[PDB]
Amino acid sequence: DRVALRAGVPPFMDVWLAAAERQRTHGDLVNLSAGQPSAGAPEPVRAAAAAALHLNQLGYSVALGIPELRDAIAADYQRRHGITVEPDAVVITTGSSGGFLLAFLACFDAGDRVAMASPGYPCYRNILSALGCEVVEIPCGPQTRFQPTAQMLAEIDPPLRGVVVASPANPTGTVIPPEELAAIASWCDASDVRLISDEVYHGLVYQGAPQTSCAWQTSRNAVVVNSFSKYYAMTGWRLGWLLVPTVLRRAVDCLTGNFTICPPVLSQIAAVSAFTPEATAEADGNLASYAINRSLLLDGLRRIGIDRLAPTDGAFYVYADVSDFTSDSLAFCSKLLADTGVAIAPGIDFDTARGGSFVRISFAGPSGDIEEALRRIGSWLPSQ
Amino acid sequence: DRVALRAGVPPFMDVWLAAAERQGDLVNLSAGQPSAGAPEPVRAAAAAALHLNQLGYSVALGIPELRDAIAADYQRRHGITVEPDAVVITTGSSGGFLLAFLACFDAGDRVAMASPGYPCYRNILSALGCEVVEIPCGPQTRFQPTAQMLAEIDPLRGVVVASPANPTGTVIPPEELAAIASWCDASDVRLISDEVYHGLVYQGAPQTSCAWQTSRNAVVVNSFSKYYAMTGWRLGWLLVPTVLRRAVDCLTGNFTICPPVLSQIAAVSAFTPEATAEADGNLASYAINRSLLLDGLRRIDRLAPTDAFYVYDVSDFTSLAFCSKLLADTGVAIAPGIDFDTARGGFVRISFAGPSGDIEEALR
Amino acid sequence: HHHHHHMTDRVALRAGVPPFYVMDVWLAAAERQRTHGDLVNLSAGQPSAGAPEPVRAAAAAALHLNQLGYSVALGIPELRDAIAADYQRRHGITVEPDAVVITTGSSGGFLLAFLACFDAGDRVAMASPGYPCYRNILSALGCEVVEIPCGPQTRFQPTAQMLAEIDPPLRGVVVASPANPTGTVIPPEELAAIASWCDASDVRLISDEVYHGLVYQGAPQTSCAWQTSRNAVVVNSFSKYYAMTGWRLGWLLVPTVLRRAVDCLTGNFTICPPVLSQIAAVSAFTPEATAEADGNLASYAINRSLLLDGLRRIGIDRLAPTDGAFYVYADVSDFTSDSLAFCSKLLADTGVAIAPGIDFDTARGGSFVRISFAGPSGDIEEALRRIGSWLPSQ
Amino acid sequence: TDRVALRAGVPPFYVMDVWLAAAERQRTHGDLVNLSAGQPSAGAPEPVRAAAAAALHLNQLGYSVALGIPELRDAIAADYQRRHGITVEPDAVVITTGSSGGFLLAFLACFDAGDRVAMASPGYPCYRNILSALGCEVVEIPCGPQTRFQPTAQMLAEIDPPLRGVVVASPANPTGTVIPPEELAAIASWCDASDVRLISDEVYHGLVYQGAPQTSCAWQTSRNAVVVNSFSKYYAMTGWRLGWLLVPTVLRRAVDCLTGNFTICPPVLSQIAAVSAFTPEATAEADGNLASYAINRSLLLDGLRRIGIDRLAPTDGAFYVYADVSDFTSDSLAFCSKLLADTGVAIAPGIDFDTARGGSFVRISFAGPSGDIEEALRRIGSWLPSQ
Ligand SMILES: *Cc1c(COP(=O)(O)O)cnc(C)c1O
Ligand SMILES: *Cc1c(COP(=O)(O)O)cnc(C)c1O
Ligand SMILES: *Cc1c(COP(=O)(O)O)cnc(C)c1O
Ligand SMILES: *Cc1c(COP(=O)(O)O)cnc(C)c1O
Ligand SMILES: N[C@@H](CCC(=O)O)C(=O)O
Ligand SMILES: O=C(O)CCC(=O)C(=O)O
Ligand SMILES: O=C(O)CCC(=O)C(=O)O
């Protein structure tokens with residue numbers, strides 16, 4: 001019968017299915033296509049959940065999230081980054097994905113023009129499209145560090161209602177430099193445009209990269225989106241938060257109660273223990289493993305002949321220009337899996353226009369995977 | 001400073017805040033949730049999974065094991081054959097409604113629902129740009145709509161029905177639901193069947209049925225929140241018609257990525273004999289509570305048929321003011337009908353999912 | 001080709017001790033459920049409840065946060081501190097943390113206490129009826145066990161005077177208050193007298209205080225041996241009051257002179273107590289855990305009242321004072337010459353399972369029966385219905 | 001006179017005493033490298049932990065049957081078949097509160113007070129101390145490089161007056177040496193012929209290194225022997241206090257009666273959890289620990305030669321190197337105390353394991369991280385030449 005037109009959005013995951021089949025049929029899978037850590041939640045988080053299963057009913061919490069977790073997040077902004085955030089600014093969400101749903105519904109009406117970098121995270125486009133917004137792609141390249149600029153925003157016509165930035169970004173790993181983000185933030189205020197700052201990969205940054213910064217260092221008019229999924233490796237726990245501007249707090253409160261009732265309560269109780277010294281050590285321990293992995297991957301890539309890369313500043317991705325080896329990146333990735341069993345993500349998923357020249361490689365697994373993958377690509381690539 | 005117009009929806013919870021402030025001598029009969037937590041096999045499975053599983057993202061539609069278990073439950077308990085592919089795991093029924101409304105309806109579509117009813121259907125649909133058509137229902141009919149009642153509306157794309165319903169507790173009788181289901185097919189209207197309170201039914205009063213007994217064109221919404229008391233675990237499921245499966249798959253991956261994975265792994269153990277015994281044990285406690293409440297109320301006797309864990313009817317004394325005063329005076333907390341019905345709710349909703357002591361002490 | 005004599009296969013003589021027969025009755029009960037399914041069990045020597053939720057939560061967290069390697073032999077400081085503070089907060093006696101030694105149950109505590117205090121051949125006295133395992137441990141460890149027969153006259157508990165009359169002299173005395181199987185508590189004055197006598201007579205006192213916390217209204221008050229004399233060894237457990245029976249955790253209050261001996265023995269014999277049990281048991285001293293423990297006692301009190309009142313009605317009115325624990329020790333002599341036969345028949349006929357007194361008293365136990373009221377009230381009520389119909393036709 | 005029993009006056013388990021000394025160094029100096037531990041640095045495998053976590057929700061955790069839960073008994077019996085090809089009946093298996101609890105049962109069931117029980121020196125100190133406290137006569141058999149630090153049948157044959165019992169450990173604390181299959185069989189056979197009870201400590205089974213003699217169960221030769229084993233070392237369930245005995249048919253009634261009176265039952269949460277030790281995942285994690293030990297062993301042995309300590313007991317299994325330090329010191333106790341005070345490296349003195357000859361010897365543990373081994377080697381290398 002009837003299917004809604006707005007429901008007809010592109011899919012997000014499909015590559016992950018393809019990889020899974022290789023293990024079942026061949027068993028030689030090296031996976032560098034994942035958009036998640038290989039590590040799970042830190043042990044203090046797991047311990048808190050284990051205790052809560054005995055001590056807590058796990059009924060509905062208050063819509064905005066438990067006070068303890070809100071207090072802990074607010075205190076983390078001070079203790080680690082020297083910005084004063086009131087607990088009432090923090091709203092707990094069902095992942096950053098849940099946070100984006102709230103942010104887009106509270107900030108934008110149907111037909112509003114919202115801008116974002118390409119390449120970028122595909123789901124922003126797809127959520128905004130389904131919610132009836134007009135998505136304005138800003139093509140970004142090596143010239144501007146794969147990130148938008150204030151000037152680039154200024155040139156856009158007709159005017160925008162919203163801008164979404166991500167630092168560090170999926171799939172590039174590049175961070176917007178503090179000055180540029182501040183400029184972008186300042187521009188938005190002046191232009192009466194709402195800024196959505198994806199800060200999901202904060203905490204996962206590499207040495208010699210530009211420093212990361214919160215949008216609330218410049219402007220509190222911006223909506224900050226963050227998660228427990230990446231830095232704290234609580235990916236399947238579906239927990240994140242928003243820093244909500246005062247004017248939008250009533251709207252966010254009403255929407256969250258109706259749409260979600262509350263975030264996962266076991267995840268909430270457990271996540272308070274993410275802000276312990278032990279959990280932070282385990283999180284930073286994962287980053288240390290990533291840094292080693294990054295070095296091996298970058299150095300390996302040059303040797304095999306892939307030297308044009310987006311600046312790997314953070315996250316756990318290398319965004320690689322593979323154009324010399326192929327006209328179509330989708331075909332390239334499919335073949336490599338079929339031939340070697342090494343699984344990588346095609347750039348088409350992140351960029352419809354220019355992605356066919358590009359590939360995304362994840363280094364959040366074991367070093368063995370990176371090392372073995374490099375051996376296999378090195379033997380395979382010259383005969384392509 | 002710009003706030004979206006669509007964001008300006010009514011809130012859901014407000015009574016729960018009022019009760020919290022009192023903690024007088026609080027007796028709470030205003031809750032929309034069980035007082036019990038998850039069954040012990042569910043908790044045990046989660047405890048084990050914290051050691052054995054990474055708890056990364058699952059596949060968007062949910063883990064095969066949980067999908068298989070839900071499909072098998074429809075057969076084993078209710079004699080309807082459901083394919084595992086029909087089942088889509090969601091972040092609660094609230095997450096399920098988001099998917100159902102986005103997949104089935106475009107902005108501007110007319111979707112009908114009973115009043116009184118669950119406030120969040122109106123508020124989700126309004127925010128998603130749909131046109132909400134209230135169907136006022138009272139004692140004269142089921143407090144559930146009928147095909148004829150739907151037929152008389154001019155000019156619908158969708159109908160949402162709930163059996164048993166919040167706040168009445170009434171079930172749509174199997175014949176009437178089938179009729180409603182059949183009408184929808186004939187009229188080319190999409191049916192959203194809220195079946196969240198299935199498994200919580202009382203001796204006699206009507207009987208529950210799945211929409212898929214009559215028509216597979218309807219979307220079935222269900223949850224682990226009420227029968228399995230996994231309220232804070234945020235886990236539910238949809239039975240999705242074949243035509244809508246691609247749309248639901250694409251939306252869920254973009255909007256949620258996947259449902260809570262620890263909740264998914266744990267919920268497989270909900271379909272054990274031990275978990276079912278604990279769930280039915282809760283129902284036995286509710287039945288006792290129901291009897292005490294109904295009999296006590298008469299000693300106010302005009303109520304919606306208590307076929308969930310709610311009693312929905314008083315007018316002689318006043319409803320928003322009534323409830324506020326009773327809490328301030330006695331400390332007994334009850335929900336005002338205004339939250340469920342804007343037109344006629346100024347009615348009361350009393351919850352009996354707590355301990356029997358609370359029920360007994362409550363009357364004054 | 002040729003047959004030949006085989007050398008006698010050697011089993012130690014000291015190993016030839018009686019079994020803990022309370023386990024044997026538990027086996028008999030189990031068969032009734034498998035074959036008939038009508039079992040009402042009043043024969044158990046343990047709570048029907050498990051560990052309190054804060055204890056379980058602490059263990060669940062420790063499985064994630066702690067390696068669970070060997071602890072220090074005497075037990076973790078936190079648990080030792082908590083036990084010492086409990087003596088003050090609840091009973092107003094000052095106990096130094098160093099006095100507390102954590103053990104693998106009270107059973108492990110008795111092994112340490114008996115090895116540290118007594119040599120082989122030493123005369124150690126105990127009440128009969130009593131807990132069978134004291135006799136069996138002491139016998140196996142080469143001590144001479146002196147039974148003191150106790151009855152209604154002396155509240156089924158020894159007295160200082162009774163001890164004074166014993167010849168030849170004793171090296172040790174074991175008292176239990178509340179006791180298995182009677183449930184009687186030694187009154188504070190009498191225990192003090194017993195404690196004082198021991199000091200004067202240079203006799204070591206072993207005070208079993210395992211059932212402390214499980215006492216009923218109008219019973220004599222319970223008291224620690226260390227209120228009178230610190231020369232006595234106090235034995236206690238998490239098994240009964242805190243229902244941590246399978247966790248195998250308890251403690252000793254060790255006199256200063258015996259601390260070196262206990263330390264050396266425990267490290268060699270056990271290395272350390274169960275570490276997960278240790279970490280978890282710190283949370284037993286929370287308000288929530290104490291409420292759950294006292295909640296169990298409230299359920300027992302109700303059960304006690306139903307059982308006592310029911311027993312009089314059916315004609316069993318001569319009982320040991322049910323002061324604590326969760327046992328009624330009943331004189332069934334009017335109904336039977338042999339208690340072992342009585343219990344076997346009742347199980348075969350009604351399915352109600354009770355413990356024969358022979359297990360606790362070899363000499364006089366055949367007149368006696370032990371009934372446990374730590375299960376659900378339904379069990380008590382149904383058991384009373386079944387005995388009432390069965391007994392008059394015996 | 002305030003009375004303490006004479007039998008109570010035994011030596012302490014001095015391994016614990018060294019552990020106390022090490023602890024102080026971390027609190028005061030913070031430079032502790034610990035190679036003195038008698039336990040794995042790893043905890044229980046994740047399937048074991050998961051089973052315990054689930055049991056806390058699903059099980060009352062009351063007393064089990066005295067001999068241990070059927071499931072765990074069945075799993076242990078099946079492990080002897082599946083891994084080592086010996087058929088063991090579930091009734092032969094008795095679950096105990098560690099091997100320490102197992103030794104208490106074994107010694108009480110097999111020996112009366114005054115019975116002569118023999119053991120290798122150096123060896124695990126607790127056998128002597130348990131047997132002494134239980135009133136037995138302990139017969140030390142001094143063992144050295146000549147006989148691989150392990151007793152022989154011939155060595156046993158020479159002992160006068162006759163013995164009632166023999167305790168052997170393979171692999172042993174503190175040497176790490178395994179008794180070769182032939183020699184253990186010979187020892188087992190001798191015992192039967194001589195009407196002497198054999199107690200076979202098999203606690204470190206599963207922790208063996210490449211090119212070492214193979215390990216074997218005493219029940220491959222004789223079922224008259226008592227086998228003692230544990231979850232403490234191979235399965236790293238050290239604080240769970242769980243082990244088992246293979247009990248000869250004649251001793252089963254005695255062991256049953258003693259265990260019920262002395263312990264009631266083993267730790268029930270540990271029992272339920274340990275069933276999951278026999279999963280493929282748990283075995284992989286256990287073997288993973290061994291792989292880490294093997295690396296550590298190689299670094300330690302090679303490092304020791306370079307610094308000048310080259311006379312060692314054959315490191316066949318366990319996680320110990322038993323090192324002859326006589327060239328560097330007359331007293332090993334002083335040596336270890338000084339090294340801790342000077343470098344912060346903590347090692348165990350041989351006196352704890354051998355009262356007569358241990359002052360020439362030292363025990364080094366390699367169950368920690370490789371960093372510890374590597375750093376320890378750097379520190380000893382700088383310190384030793386000026387001694
Ligand atoms: C992985 C990822 C997400 C997912 O966030 P959740 O908190 O798991 O919903 C969102 N945005 C970006 C840019 C990501 O890379
Ligand atoms: C609880 C409830 C739902 C679903 O809520 P979830 O907790 O998200 O499953 C739907 N309708 C009514 C009337 C309810 O009470
Ligand atoms: C149960 C019991 C004990 C000890 O139990 P543990 O678990 O070993 O602490 C001690 N004495 C009596 C009289 C008992 O009934
Ligand atoms: C460490 C060790 C044990 C351990 O005893 P458990 O009770 O298993 O911890 C037993 N025997 C020997 C020889 C050891 O070295
Ligand atoms: N009355 C007991 C307290 C019971 C307990 O906490 O174990 C005592 O004297 O120690
Ligand atoms: O958890 C973290 O470290 C991220 C906090 C954050 O938002 C920031 O660094 O700005
Ligand atoms: O080495 C063998 O054959 C037996 C191993 C063993 O004792 C065990 O199963 O732990």
# chains A, B, ... in the order shown; residues from 1 in each chain; ligands from 1
>>> interface_residues(of="chain B", to="chain A", cutoff="7 Å", atoms="only C-alpha atoms", output="number ranges by chain")
B: 1-12, 36-37, 43, 47, 50, 54-57, 94-95, 102-106, 120, 123-124, 231-234, 243-244, 247, 250-251, 253-256, 260-262
>>> residues_near_ligand(ligand="ligand 5", cutoff="7 Å", atoms="only C-alpha atoms and all ligand atoms", output="ChimeraX atom specification")
/C:86-87,91,209,212-213,222-224,236-238,241
>>> write_last_selection(atoms="N, CA and C atoms", output="PDB file, in the first residue's frame")
ATOM      1  N   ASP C  86      30.981  -2.879  64.190  1.00  0.00           N
ATOM      2  CA  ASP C  86      29.641  -3.430  64.418  1.00  0.00           C
ATOM      3  C   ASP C  86      29.411  -3.805  65.884  1.00  0.00           C
ATOM      4  N   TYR C  87      30.461  -4.303  66.540  1.00  0.00           N
ATOM      5  CA  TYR C  87      30.435  -4.620  67.976  1.00  0.00           C
ATOM      6  C   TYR C  87      30.186  -3.384  68.837  1.00  0.00           C
ATOM      7  N   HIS C  91      26.297  -3.185  69.890  1.00  0.00           N
ATOM      8  CA  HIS C  91      26.374  -3.869  71.199  1.00  0.00           C
ATOM      9  C   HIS C  91      27.265  -3.191  72.253  1.00  0.00           C
ATOM     10  N   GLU C 209      28.801 -17.885  68.686  1.00  0.00           N
ATOM     11  CA  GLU C 209      27.873 -16.759  68.663  1.00  0.00           C
ATOM     12  C   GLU C 209      27.297 -16.574  67.249  1.00  0.00           C
ATOM     13  N   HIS C 212      23.689 -15.079  66.717  1.00  0.00           N
ATOM     14  CA  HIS C 212      23.488 -13.704  67.181  1.00  0.00           C
ATOM     15  C   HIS C 212      22.819 -12.864  66.098  1.00  0.00           C
ATOM     16  N   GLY C 213      21.876 -12.024  66.515  1.00  0.00           N
ATOM     17  CA  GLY C 213      21.065 -11.238  65.583  1.00  0.00           C
ATOM     18  C   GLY C 213      19.722 -11.884  65.289  1.00  0.00           C
ATOM     19  N   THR C 222      20.992 -11.537  74.292  1.00  0.00           N
ATOM     20  CA  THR C 222      22.181 -12.209  73.814  1.00  0.00           C
ATOM     21  C   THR C 222      23.373 -11.319  74.210  1.00  0.00           C
ATOM     22  N   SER C 223      24.522 -11.938  74.463  1.00  0.00           N
ATOM     23  CA  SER C 223      25.704 -11.237  74.912  1.00  0.00           C
ATOM     24  C   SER C 223      26.967 -11.893  74.372  1.00  0.00           C
ATOM     25  N   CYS C 224      27.990 -11.070  74.167  1.00  0.00           N
ATOM     26  CA  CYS C 224      29.280 -11.548  73.711  1.00  0.00           C
ATOM     27  C   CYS C 224      30.117 -11.959  74.920  1.00  0.00           C
ATOM     28  N   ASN C 236      31.920 -16.589  65.102  1.00  0.00           N
ATOM     29  CA  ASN C 236      30.724 -16.042  64.462  1.00  0.00           C
ATOM     30  C   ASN C 236      30.789 -16.229  62.945  1.00  0.00           C
ATOM     31  N   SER C 237      29.674 -15.972  62.268  1.00  0.00           N
ATOM     32  CA  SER C 237      29.541 -16.251  60.841  1.00  0.00           C
ATOM     33  C   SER C 237      28.614 -15.281  60.121  1.00  0.00           C
ATOM     34  N   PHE C 238      28.742 -15.242  58.797  1.00  0.00           N
ATOM     35  CA  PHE C 238      27.813 -14.528  57.923  1.00  0.00           C
ATOM     36  C   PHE C 238      26.698 -15.447  57.424  1.00  0.00           C
ATOM     37  N   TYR C 241      22.606 -15.036  60.178  1.00  0.00           N
ATOM     38  CA  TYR C 241      21.954 -13.738  60.280  1.00  0.00           C
ATOM     39  C   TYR C 241      21.958 -13.013  58.936  1.00  0.00           C
TER      40      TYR C 241
END
>>> residues_near_ligand(ligand="ligand 6", cutoff="6 Å", atoms="only C-alpha atoms and all ligand atoms", output="PyMOL selection string")
chain A and resi 202-203+213-214
>>> interface_residues(of="chain D", to="chain A", cutoff="9 Å", atoms="only C-alpha atoms", output="compact mmCIF listing (two decimals) with N, CA and C atoms, in the first residue's frame")
# COMPACT_ATOMS: atom_id res chain seq x y z
N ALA D 53 28.27 -13.94 37.97
CA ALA D 53 27.40 -12.77 37.86
C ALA D 53 25.93 -13.16 37.64
N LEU D 56 24.45 -14.97 40.91
CA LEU D 56 24.04 -14.00 41.94
C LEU D 56 22.57 -13.55 41.80
N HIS D 57 22.05 -13.64 40.57
CA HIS D 57 20.65 -13.35 40.27
C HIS D 57 19.77 -14.60 40.32
>>> residues_near_ligand(ligand="ligand 3", cutoff="8 Å", atoms="only C-alpha atoms and all ligand atoms", output="ChimeraX atom specification")
/C:45-46,104-109,130-131,133,176,179-181,208,210-211,236-240,244-250 /D:63,263-264
>>> atom_distance(atom1="atom 12 (C, counted along the ligand's line) of ligand 1", atom2="CA of residue 65 (chain A)")
21.6 Å
>>> select_by_dssp(residues="region 193-262 of chain D", states="strand (DSSP E)", output="list in words")
residues 197, 198, 199, 200, 201, 226, 227, 228, 229, 230, 243, 244, 245 and 246 of chain D
>>> write_last_selection(atoms="N, CA, C and O atoms", output="compact mmCIF listing (two decimals), in the first residue's frame")
# COMPACT_ATOMS: atom_id res chain seq x y z
N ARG D 197 51.00 -44.58 51.11
CA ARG D 197 50.03 -43.72 50.43
C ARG D 197 50.72 -42.58 49.69
O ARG D 197 51.53 -41.85 50.27
N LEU D 198 50.41 -42.43 48.40
CA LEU D 198 50.95 -41.33 47.60
C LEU D 198 49.97 -40.16 47.47
O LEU D 198 48.81 -40.34 47.08
N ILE D 199 50.46 -38.97 47.82
CA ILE D 199 49.72 -37.73 47.63
C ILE D 199 50.39 -36.99 46.47
O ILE D 199 51.52 -36.51 46.60
N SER D 200 49.70 -36.94 45.34
CA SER D 200 50.23 -36.31 44.13
C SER D 200 49.66 -34.91 43.95
O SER D 200 48.49 -34.74 43.56
N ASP D 201 50.48 -33.90 44.26
CA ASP D 201 50.14 -32.51 44.01
C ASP D 201 50.31 -32.23 42.53
O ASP D 201 51.43 -32.26 41.99
N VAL D 226 46.32 -40.40 46.05
CA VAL D 226 45.40 -39.26 46.14
C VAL D 226 45.94 -38.13 45.27
O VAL D 226 47.09 -37.70 45.44
N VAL D 227 45.12 -37.67 44.33
CA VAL D 227 45.47 -36.57 43.43
C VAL D 227 44.90 -35.28 43.99
O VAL D 227 43.71 -35.21 44.32
N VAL D 228 45.75 -34.27 44.11
CA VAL D 228 45.34 -32.95 44.58
C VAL D 228 45.53 -31.96 43.44
O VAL D 228 46.60 -31.92 42.81
N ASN D 229 44.48 -31.20 43.15
CA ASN D 229 44.52 -30.18 42.09
C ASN D 229 43.67 -28.97 42.48
O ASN D 229 42.92 -29.02 43.47
N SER D 230 43.79 -27.89 41.72
CA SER D 230 43.16 -26.62 42.06
C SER D 230 42.76 -25.80 40.84
O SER D 230 43.25 -26.04 39.73
N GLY D 243 39.14 -26.12 44.63
CA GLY D 243 39.97 -27.19 44.08
C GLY D 243 39.25 -28.52 44.12
O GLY D 243 38.07 -28.60 44.48
N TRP D 244 39.97 -29.58 43.75
CA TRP D 244 39.41 -30.93 43.80
C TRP D 244 40.42 -32.02 44.15
O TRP D 244 41.63 -31.82 44.03
N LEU D 245 39.89 -33.16 44.59
CA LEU D 245 40.66 -34.37 44.83
C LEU D 245 40.14 -35.50 43.95
O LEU D 245 38.94 -35.59 43.71
N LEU D 246 41.05 -36.34 43.47
CA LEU D 246 40.68 -37.67 42.99
C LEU D 246 40.92 -38.63 44.15
O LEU D 246 42.06 -38.86 44.56
>>> interface_residues(of="chain C", to="chain D", cutoff="6 Å", atoms="only C-alpha atoms", output="number ranges by chain")
C: 11-12, 15, 19-20, 50, 60, 67-70, 107, 115-119, 133, 245-248, 261, 264, 267-270, 274-275
>>> select_by_dssp(residues="region 111-261 of chain B", states="helix (DSSP H, G or I)", output="number ranges by chain")
B: 119-127, 147-151, 174-186, 211-213, 231-233, 242-255, 261
>>> residues_near_ligand(ligand="ligand 7", cutoff="6 Å", atoms="only C-alpha atoms and all ligand atoms", output="ChimeraX atom specification")
/D:79-80,84,202,205,215-217
>>> closest_residue(among="D:21, D:32, D:86, D:282", to="chain B", atoms="only C-alpha atoms")
D:282
>>> atom_distance(atom1="CA of residue 358 (chain B)", atom2="CA of residue 289 (chain B)")
9.4 Å
>>> closest_residue(among="C:203, C:113, C:298, C:271", to="ligand 4", atoms="only C-alpha atoms and all ligand atoms")
C:271
>>> decode(residues="region 220-255 of chain D", atoms="C-alpha atoms", output="tab-separated table (two decimals), in the first residue's frame")
chain	number	residue	atom	x	y	z
D	220	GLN	CA	47.74	-43.25	34.91
D	221	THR	CA	49.78	-45.75	36.96
D	222	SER	CA	47.99	-46.27	40.29
D	223	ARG	CA	44.51	-45.36	41.55
D	224	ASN	CA	45.67	-45.92	45.13
D	225	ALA	CA	47.25	-42.44	45.10
D	226	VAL	CA	45.40	-39.26	46.14
D	227	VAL	CA	45.47	-36.57	43.43
D	228	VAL	CA	45.34	-32.95	44.58
D	229	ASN	CA	44.52	-30.18	42.09
D	230	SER	CA	43.16	-26.62	42.06
D	231	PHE	CA	41.51	-23.83	40.07
D	232	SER	CA	44.00	-21.38	41.61
D	233	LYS	CA	46.90	-21.48	39.19
D	234	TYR	CA	46.01	-22.68	35.70
D	235	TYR	CA	42.53	-21.11	35.81
D	236	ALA	CA	43.78	-18.13	37.89
D	237	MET	CA	40.85	-18.49	40.36
D	238	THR	CA	43.22	-18.03	43.31
D	239	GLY	CA	40.89	-16.05	45.66
D	240	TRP	CA	37.85	-18.17	44.74
D	241	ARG	CA	39.23	-20.93	47.05
D	242	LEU	CA	38.25	-23.89	44.87
D	243	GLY	CA	39.97	-27.19	44.08
D	244	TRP	CA	39.41	-30.93	43.80
D	245	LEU	CA	40.66	-34.37	44.83
D	246	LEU	CA	40.68	-37.67	42.99
D	247	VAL	CA	39.86	-39.97	45.92
D	248	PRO	CA	40.58	-43.75	45.93
D	249	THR	CA	37.43	-45.87	46.47
D	250	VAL	CA	38.52	-47.03	49.96
D	251	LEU	CA	38.95	-43.42	51.20
D	252	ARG	CA	35.70	-41.97	49.79
D	253	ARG	CA	33.53	-42.58	52.88
D	254	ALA	CA	36.21	-41.04	55.15
D	255	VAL	CA	36.64	-37.97	52.90
